[PDB]
Amino acid sequence: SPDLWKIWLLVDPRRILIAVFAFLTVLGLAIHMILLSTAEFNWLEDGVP
Amino acid sequence: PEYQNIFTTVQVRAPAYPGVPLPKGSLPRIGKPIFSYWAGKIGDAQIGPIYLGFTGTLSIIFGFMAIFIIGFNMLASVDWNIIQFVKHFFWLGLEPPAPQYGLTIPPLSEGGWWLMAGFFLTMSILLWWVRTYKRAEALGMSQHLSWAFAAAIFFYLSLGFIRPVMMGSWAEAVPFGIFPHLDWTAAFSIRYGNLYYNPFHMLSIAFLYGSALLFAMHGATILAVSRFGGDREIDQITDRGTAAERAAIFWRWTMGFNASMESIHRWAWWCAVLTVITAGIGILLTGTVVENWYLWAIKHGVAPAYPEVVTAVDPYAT
Amino acid sequence: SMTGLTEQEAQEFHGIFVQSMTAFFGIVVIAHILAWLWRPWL
Amino acid sequence: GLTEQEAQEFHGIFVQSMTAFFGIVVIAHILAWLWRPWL
Amino acid sequence: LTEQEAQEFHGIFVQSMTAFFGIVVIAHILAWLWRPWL
Amino acid sequence: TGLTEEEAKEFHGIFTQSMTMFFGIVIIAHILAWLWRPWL
Amino acid sequence: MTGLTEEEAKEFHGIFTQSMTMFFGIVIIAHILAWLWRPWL
Amino acid sequence: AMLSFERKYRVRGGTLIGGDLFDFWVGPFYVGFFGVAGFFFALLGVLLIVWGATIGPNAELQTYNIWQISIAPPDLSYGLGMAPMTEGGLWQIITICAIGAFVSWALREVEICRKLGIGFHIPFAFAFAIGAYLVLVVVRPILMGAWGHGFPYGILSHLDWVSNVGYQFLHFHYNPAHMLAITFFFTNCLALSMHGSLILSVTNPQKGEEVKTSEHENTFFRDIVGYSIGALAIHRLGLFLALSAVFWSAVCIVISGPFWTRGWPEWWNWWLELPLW
Amino acid sequence: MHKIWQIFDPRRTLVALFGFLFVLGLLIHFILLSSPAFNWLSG
Amino acid sequence: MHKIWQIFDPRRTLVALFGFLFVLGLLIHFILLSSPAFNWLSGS
Amino acid sequence: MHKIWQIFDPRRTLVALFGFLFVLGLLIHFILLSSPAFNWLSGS
Amino acid sequence: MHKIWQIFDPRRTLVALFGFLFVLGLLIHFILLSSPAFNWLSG
Amino acid sequence: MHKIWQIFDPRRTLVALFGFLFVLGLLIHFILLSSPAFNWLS
Amino acid sequence: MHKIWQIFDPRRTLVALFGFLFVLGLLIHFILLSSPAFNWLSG
Amino acid sequence: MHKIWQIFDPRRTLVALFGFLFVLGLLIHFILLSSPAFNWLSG
Amino acid sequence: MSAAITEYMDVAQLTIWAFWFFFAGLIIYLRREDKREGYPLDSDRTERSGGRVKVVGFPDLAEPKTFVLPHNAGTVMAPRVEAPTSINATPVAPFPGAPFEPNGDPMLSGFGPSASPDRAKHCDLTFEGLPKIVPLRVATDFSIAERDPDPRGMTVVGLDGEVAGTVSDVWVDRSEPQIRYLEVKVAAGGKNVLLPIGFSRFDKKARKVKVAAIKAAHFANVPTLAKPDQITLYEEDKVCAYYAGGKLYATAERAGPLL
Ligand code: BCL
Ligand code: BCL
Ligand code: BCL
Ligand code: BCL
Ligand code: BCL
Ligand SMILES: CC[C@H]1c2cc3[nH]c4c(c3C)C(=O)[C@H](C(=O)OC)c4c3nc(cc4[nH]c(cc(n2)[C@@H]1C)c(C(C)=O)c4C)[C@@H](C)[C@@H]3CCC(=O)OC/C=C(\C)CCC[C@H](C)CCC[C@H](C)CCCC(C)C
Ligand SMILES: COC(C)(C)C/C=C/C(C)=C/C=C/C(C)=C/C=C/C(C)=C/C=C\C=C(C)\C=C\C=C(C)\C=C\C=C(C)\C=C\CC(C)(C)OC
Ligand SMILES: CCCCCCCCCCCCO[C@@H]1O[C@H](CO)[C@@H](O[C@H]2O[C@H](CO)[C@@H](O)[C@H](O)[C@H]2O)[C@H](O)[C@H]1O
Ligand SMILES: [Ca+2]
Ligand SMILES: [Fe+3]
Ligand SMILES: [Mg+2]
């Protein structure tokens, strides 16, 4: 799309920057929590190595 | 002491206010308004008029049918003895269907009457919700009350309909009685391993406690600044007076932060609403995704451990 | 005049309302005939 | 409050974004089907 | 709120409703082939 | 509304490139994670 | 607009990166030391 | 930092104790004499709780899990005397600090009320919550004869205390004052939702409408339930409901064990044994 | 008769009567469903 | 019979009717599902 | 029939309809997932 | 269809739709994780 | 140190000091009463 | 160091310092009283 | 780096910094006392 | 589907975490609503920065919402820019957080408990557009309840017990019928002044109105009304604030401390 840049005309770019960073941090924290909760992907309590 | 503004010392009488005119085509308000001196001592003297429209009429008719069925079955439970009805009234109840009936309709005295009372009461509550929605709409007002009522209805439906259907058993539902529904409340907690360890029960209590805390805070605050007209909160919202300022400044000095005259009512609205929202969620999670709340708490490291000063040999381990 | 509709307007609404109601009853009847063939209840 | 001309431009991009988002979704569902079919 | 807006809304509403119904029917036809419920 | 047209284009340039840099690091991390412990 | 001059943005960004990489460098050394101490993968 | 309208209210004086010694603000907070006393009462009590969590019930069970931290009262065998610090004495010290902090908070609120020239309803209302806490940790333990009857200081452990105290009377729902207090708690929550809704729906009406009036407010609940208590009286009612809930809750627990030792349902036998039936 | 609409509002009377009839119709159907001898949704 | 619409507003009568039919439809569907001889999600 | 939307606001009616349709779709999907005969995620 | 945006605001629709899609994606992922036949995080 | 009274008002300080001293004396007596080896009422 | 009193005002700072020191002094004594090896009141 | 004091108020920074450090010092000491391997008051 | 998300994760644990994220957003929303009044803050941080650092805390301020007033009284924005107002007081000490001492006669300073904002110079209106707070002599349909004494004629007594005046009329709220003000004929001057009901303690037996806020002499300086038969929102605040200043300023001992 040659006009994807128009997303920044309707919503303030500063709010997106903080919102995207806050959302990604939460999403990253949540996925790490989910993996730690699994016996298969817990890198702290697996004994390897 | 100084006037605490708890009781109206000198009451004022005016012609009864008919109410803000309703949109054209609406039914008139019924009841000739009267003035109660004792009601006017603590609040407003005027009693009535009331709007009883089409929706309210259906809610009343459905509601009476449910209430009549419950009271009739209570009377039948004491074998029609009206004297024994009065003696045992708190203990009497319309009791839900037996466990072996699942979700099917059982005979009248084996849960059939309970289902009818449950359905008719639910219909009347739902119709009453439409009435609260319509009354706000007829006055050009927003629907905050109907949302808050819907949240309470969500909890009510979770107790008697949604959870029993999810468990596939009307026997999970609440009896229609004073002590019987207290017995249900205790038995629910006992059956599912100490509801104290249900985190949404914890949240519901925090919001129920917070509702009392906030209304005590806000009620005392408004009375403390009512000498400046703080009771007239619409004025203080549109035109911030010294009452709103002193109210906010008191709380800022007390606890480092404050609300506004309008936003305190948003805190109040959400605190009360979240009480039944989390109550409904906690009920819906119990018995469906969690069997023993205490054991769920142990699994998630919520339950404290105590030193073993007393213990029992398990007779099943023989 | 408790609603504020003339004779033509109440008649006009009744003309379409009956048509919409009749069609709804038509689909309902078909649904019940199909339901009866699947599993009669009487 | 949004006029017609800027409405014409918005719908084109939104449809393109929806089509682009849909396409990724279709591939993921194809890959999921190959990994473990559900029906 | 006028005639040239209300009538315009109904037209697109119809072909959007029919599109939803058409997808819904195909979904139900496929659902019947997968697992008939009657 | 607020941001003009030219700075809207320019914002996309750093937005697209920085997001692409984040995406590339994500792909590398997921490639490493798959070699460490594949999940499918 | 954040009230900052356009030259302040250049000057802040430079110091921000220097402090960020210096912080990141200490972190990387810490993780190398932590990996040598007790690897987790 | 103060609110944009606050500076004209930051007046000297109105203290109960201290005069000008502590008459100042720290950030938003007013301090005064009871701000100093209350803060270091709270600070000491909080630190002792952390210390109580650091040693735990014992070294094996010690935990920093916020749900599981518990500072327990003494054993009942210690009676109304002082227990060793690791055997409930820390709980007794924290309780004293908590009372010091809570009362100082109430008295600091009184000084703020004097500064602002408002009614003393808020500190008076807060005294009810303090009174309920005093009933739980002082009045009831003294009536029973041991400090060990107080509830432990732990987010979940004090729920186990509430649970077991309730089942000391086999069915706590039948406690009459408990029933009254819950009715007030439930009614207060209903009244709060109603009051929050009415104010919000009047000041934030449907789109295209102006702010409504007090006439709308009276009409709305007259249209629903046939009665409107009024803009002033709803705050009287909310304060009354919340304070009555706590008063009757304090009554319900102080009669549970000091003034009633049987199961609570058995208390209703006075009504069941009336000679009318 | 014909004067029953002179002291009773047609609107309030009709919604009330239809409300009772609908509630009564529901109640009778519920009672019949509760009765094993008249449950038509059984085998 | 067409004059019933002069004592009941069509908009208010229509929304009340749409909700009433939806509740009635839900009620009947639930009764059938709750009746073991007519539950169509049992598969038999 | 072309006289339906002169009273109902297009925005409000779609908003109410879209929320209702999602809830009905969510409810039906969850009922089927709850019925072992139509659970497509159970393994068979 | 292009003329929909007359009533619906483009900006608030996007955040509402993206937020709706995000929680929908979480819900579907979590439902599959709850299914032993589709949980990809086990052995 | 006489200048401390130009920072802290003496008549106000005495009341604060009395409360501090009494509260400290109360605490020490209680701590001693909590210790069996120094409980003088045993 | 004497510029600090141009940053921190003596009246408020001294009140905070003395209370924090007294609470810290109380805490350490309480920690020692809780430690059997250093409880000087143990006898 | 002396320009950090042209963006951050030194008075509020020092209050925040001194408070954080005091809490951190208490926290680390408390953690060590909670571990029997490092409680220095055990004997 | 099932209750177990992973070996450890379960549905209830997910639900409670989902609430925490919603609740965090709700608290952020509520705090932003709280900050529609009195923000940005009046701070030394802003003062030394020359206004270049607005003190808002977290979360930042919300976009201004619109209150359309009835009867074309205007439109107010809840977050609004407010011009700084000078205070008729001076700091009692030069450190931050120090209180201010009012200048001149504290009862007349308009500072502390006697301070008030300048509200609109328009009367609060009933739903029909009439002034809401009016004397009984213009609200002729209003009356005192039979079981309660008529305030008119009662002797108004200041905090010291000395007679301050007599009650000429009663001002009532025409929307919610109740007393809001007592018109007092001041014994010294004779000029009528208003006395809010919140500062009036009725002695039914003695037919006396006791005002603990201010002395009898302080009644002469109560702010007066422009029009005799109505009161603006601005005047209401001025009158109530004046009596409140007496709770701290009227007597020297009211400043405190007790001991
Ligand atoms: C479970 C198996 C592995 C593991 C598998 C993965 C996989 C797969 C991924 C990660 C990713 C991350 N892991 Mg890992 N990770 C593990 C254990 C850890 C542990 C730990 C103590 O155990 C920590 C602290 C981390 C931390 C991290 C983060 C660095 C990163 C996600 C941050 C984020 O949400 O950015 C979002 C927030 C932002 C602000 C991003 C900003 C984007 C900018 C514009 C791009 C340039 C960055 C710029 C310099 C700003 C600095 C921000 C940096 C992200 C620090 N992982 C275990 C050992 N981890 C993700 C990643 O690589 O993301 C980078 C990722 O895909
Ligand atoms: C033995 C059990 C039998 C059974 C035996 C009977 C018997 C006997 C009767 C019914 C009647 C009814 N049954 Mg059956 N019925 C059974 C199973 C069902 C099932 C089902 C899913 O199993 C359903 C949905 C129904 C539904 C119905 C309704 C159509 C009807 C009750 C309407 C009413 O209460 O009006 C009350 C509510 C109102 C609002 C009334 C007002 C109506 C409107 C507003 C006025 C319009 C006027 C119009 C011009 C005149 C025609 C009137 C029409 C009813 C519209 N039955 C089983 C199989 N059923 C009754 C009936 O036939 O009534 C018509 C009746 O006597
Ligand atoms: C496996 C467990 C290992 C361990 C492995 C690691 C690993 C891996 C890391 C640490 C890191 C840290 N560890 Mg360690 N650590 C252990 C045990 C400890 C113990 C203890 C009592 O046992 C303590 C107190 C610490 C404490 C610390 C901190 C010093 C540091 C985190 C700082 C931070 O969060 O900054 C965040 C907050 C700020 C930066 C705000 C402060 C602002 C400052 C003043 C900016 C100044 C600008 C300056 C000029 C440029 C930047 C330079 C740096 C700030 C120094 N560790 C054990 C033995 N530790 C991390 C680290 O090294 O970070 C630097 C890190 O990556
Ligand atoms: C169960 C089997 C598979 C699996 C099967 C599937 C299937 C099937 C699907 C996904 C989908 C997704 N999966 Mg998966 N997925 C699995 C496990 C994971 C794990 C994990 C840690 O285990 C993670 C983090 C993910 C993550 C994801 C997301 C990337 C994605 C859902 C995003 C969303 O909700 O949109 C909601 C939020 C938004 C829509 C916001 C908008 C974001 C985008 C960028 C919009 C841009 C529009 C357009 C592209 C703009 C550019 C246009 C051009 C310029 C012209 N999956 C397992 C292993 N997964 C879905 C997907 O592919 O969506 C992309 C999907 O259909
Ligand atoms: C477990 C092994 C050892 C032990 C290992 C360590 C280690 C390792 C460290 C300490 C440190 C400290 N230990 Mg030790 N410590 C032990 C037992 C104790 C006991 C006890 C009763 O058992 C006590 C009371 C202490 C107390 C202390 C503090 C003096 C100090 C932390 C100060 C701080 O946090 O400042 C933070 C609080 C502030 C800064 C707020 C104060 C504000 C004031 C007004 C301004 C002061 C700033 C000033 C200008 C500059 C500061 C430095 C000056 C040159 C003095 N330790 C045990 C026995 N301890 C730390 C230290 O030495 O720090 C210097 C440290 O690194
Ligand atoms: C009486 C009616 C309701 C009410 C009213 C009320 N509460 C009030 C007020 C009022 C009028 C205030 O003015 C005052 C306030 O300022 O609120 C913002 C307050 C207040 N009510 C609070 C809490 C609170 N109120 C509760 C209840 C109620 N408050 C009633 C339902 C509850 C419940 C039910 O649990 C709680 C938790 C505070 C937010 C605040 C008082 C703050 C205060 O006193 O601060 C000083 C003390 C500290 C900062 C910390 C002290 C720490 C101690 C030294 C150690 C810990 C001791 C404690 C026993 C630990 C127990 C922990 C376990 C139980 C988990
Ligand atoms: C004036 O009245 C007279 C005198 C004539 C009779 C009065 C009698 C009296 C005094 C009755 C008193 C009754 C009392 C005191 C009742 C107390 C009730 C209490 C405390 C109830 C508490 C909780 C009950 C709950 C939460 C029940 C909820 C039930 C629900 C939500 C059930 C819904 C059921 C449905 C929707 C059924 C669905 C099945 C369908 C298909 C209908 O079934 C066929
Ligand atoms: C606690 C909350 C705040 C309330 C303030 C008052 C706290 C308690 C008041 C101090 C009373 C101390 O009184 C003292 O108590 C201890 C502990 O029981 C008693 O000790 C006595 O009983 C304890 C246990 O019951 C025995 O271990 C001991 O052998 C015996 O001497 C002392 O004989 C008594 O002198
Ligand atoms: Ca590992
Ligand atoms: Fe209010
Ligand atoms: Mg029972």
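All values below were derived from every heavy atom in this structure, side-chain atoms included, with hydrogens, water molecules and symmetry-related copies excluded. In listed order, ligands and their atoms are each counted from 1. The sequence lines fix the lettering, A, B, ..., with proteins before strands; numbering per chain opens at 1.
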* Mind checking whether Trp40(O) and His29(O) have parallel, tilted or perpendicular rings, split at 30° and 60°? -> perpendicular

Numbering as shown, the atoms of ligand 3 that approach [X] to under 4.0 Å (heavy-atom distance):
{"X": "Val27(G)", "value": "61 (C), 63 (O), 64 (C), 66 (O)"}
{"X": "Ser19(G)", "value": "50 (C), 51 (C)"}
{"X": "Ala30(G)", "value": "7 (C), 8 (C), 9 (C), 62 (O), 65 (C), 66 (O)"}
{"X": "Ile28(O)", "value": "21 (C), 24 (C)"}

With a 6.0 Å cut-off on the ring centroids, do [X] and [Y] count as close?
{"X": "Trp36(F)", "Y": "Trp43(A)", "value": "no"}
{"X": "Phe124(H)", "Y": "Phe120(H)", "value": "no"}
{"X": "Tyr64(H)", "Y": "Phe30(O)", "value": "no"}

* To do: Would you kindly specify which portion of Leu24(A) sits under 4.0 Å from ligand 1, judged on non-hydrogen atoms: side chain, backbone, both or neither?
  => both

* Asked: Taking the non-hydrogen atoms of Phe41(A), is any one of them nearer than 4.0 angstrom to ligand 1?
  -> no

* Asked: Going by heavy atoms, is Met21(F) under 4.0 Å from ligand 1?
  -> no

Would you verify that at least one protein heavy atom lies under 4.0 Å from [atom], or report that none does?
{"atom": "atom 58 (C) of ligand 1", "value": "yes"}
{"atom": "atom 12 (C) of ligand 1", "value": "yes"}
{"atom": "atom 17 (C) of ligand 1", "value": "yes"}
{"atom": "atom 50 (C) of ligand 3", "value": "yes"}
{"atom": "atom 1 (C) of ligand 3", "value": "yes"}
{"atom": "atom 9 (C) of ligand 3", "value": "yes"}
{"atom": "atom 4 (C) of ligand 3", "value": "no"}
{"atom": "atom 20 (C) of ligand 1", "value": "yes"}
{"atom": "atom 30 (C) of ligand 3", "value": "no"}
{"atom": "atom 55 (C) of ligand 3", "value": "yes"}
{"atom": "atom 44 (C) of ligand 3", "value": "no"}
{"atom": "atom 27 (C) of ligand 1", "value": "yes"}
{"atom": "atom 47 (C) of ligand 1", "value": "no"}

* Donor on one side chain, acceptor on other, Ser214(H) and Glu176(P), under 3.5 Å -> no

* Do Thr132(B) and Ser146(B) meet the criterion of a side-chain donor-acceptor pair at a distance under 3.5 Å? -> no

* Which one of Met20(G), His31(G), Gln18(G) has a non-hydrogen atom at the shortest distance from atom 66 (O) of ligand 3? -> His31(G)

* Structure fact -> To atom 63 (O) of ligand 1, the nearest of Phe22(F), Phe23(A), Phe21(A), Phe23(F) on a heavy-atom basis is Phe22(F)

Do NZ/NE/NH1/NH2 and the carboxylate oxygens of [X] and [Y] come within less than 4.0 Å?
{"X": "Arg222(H)", "Y": "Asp44(B)", "value": "yes"}
{"X": "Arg180(P)", "Y": "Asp173(P)", "value": "yes"}
{"X": "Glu245(B)", "Y": "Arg240(B)", "value": "yes"}
{"X": "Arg37(F)", "Y": "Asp46(A)", "value": "yes"}

* Heavy atoms, side chains only, cut-off 4.5 Å: are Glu233(B) and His235(H) in contact? -> yes

* To do: Would you indicate whether the side-chain heavy atoms of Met9(P) and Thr38(A) approach each other to under 4.5 Å?
  => no

Taking [atom] as the reference point, the nearest protein heavy atom with its distance:
{"atom": "atom 53 (C) of ligand 3", "answer": "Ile26(G) CD1, 4.1 Å"}
{"atom": "atom 15 (N) of ligand 1", "answer": "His32(A) NE2, 3.3 Å"}
{"atom": "atom 37 (C) of ligand 1", "answer": "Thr25(A) OG1, 3.7 Å"}
{"atom": "atom 22 (O) of ligand 1", "answer": "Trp43(A) NE1, 2.6 Å"}

* Asked: Any idea which N/O/S atom from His265(B) gets closest to the Fe ion (ligand 10)?
  -> NE2

Give a yes or no answer on whether the side chain of [X] reaches the backbone of [Y] with a donor-acceptor pair at less than 3.5 Å.
{"X": "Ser142(B)", "Y": "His144(B)", "result": "no"}
{"X": "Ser19(G)", "Y": "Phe16(G)", "result": "no"}
{"X": "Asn188(H)", "Y": "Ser211(B)", "result": "yes"}

* To do: Measure from NZ or CZ of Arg246(B) to the centre of the six-membered ring of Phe228(B), then state whether that distance is under 6.0 Å and the direction lies within 45° of the axis.
  => yes

* Asked: Does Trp36(F) reach ligand 1 with a nitrogen or oxygen that is under 3.5 Å from one of the ligand's nitrogen or oxygen atoms?
  -> no

* **Which of the ligand 1 atoms, numbered from 1, are nearer than 4.0 Å to a heavy atom of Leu35(A)** => 1 (C)

* To do: Can you tell me, to 10 degrees, how wide the angle at the Fe ion (ligand 10) is between NE2 on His235(H) and OE1 on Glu233(B)?
  => 90°

* Structure fact -> For the Fe ion (ligand 10), angle spanned by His218(B) NE2 and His195(H) NE2 (nearest 10°) is 110°

* Asked: Which is it for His216(H) and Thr213(H) under the side chain to side chain donor-acceptor pair (under 3.5 Å) test, yes or no, and what are the steps along the way?
  -> CA-CA 5 Å; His216(H) 287 88; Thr213(H) 71; 3.0 Å; yes

* **Atom pair CG/CD1 of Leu69(P) and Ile234(B) - distance to nearest 0.5 Å** => 11.5 Å

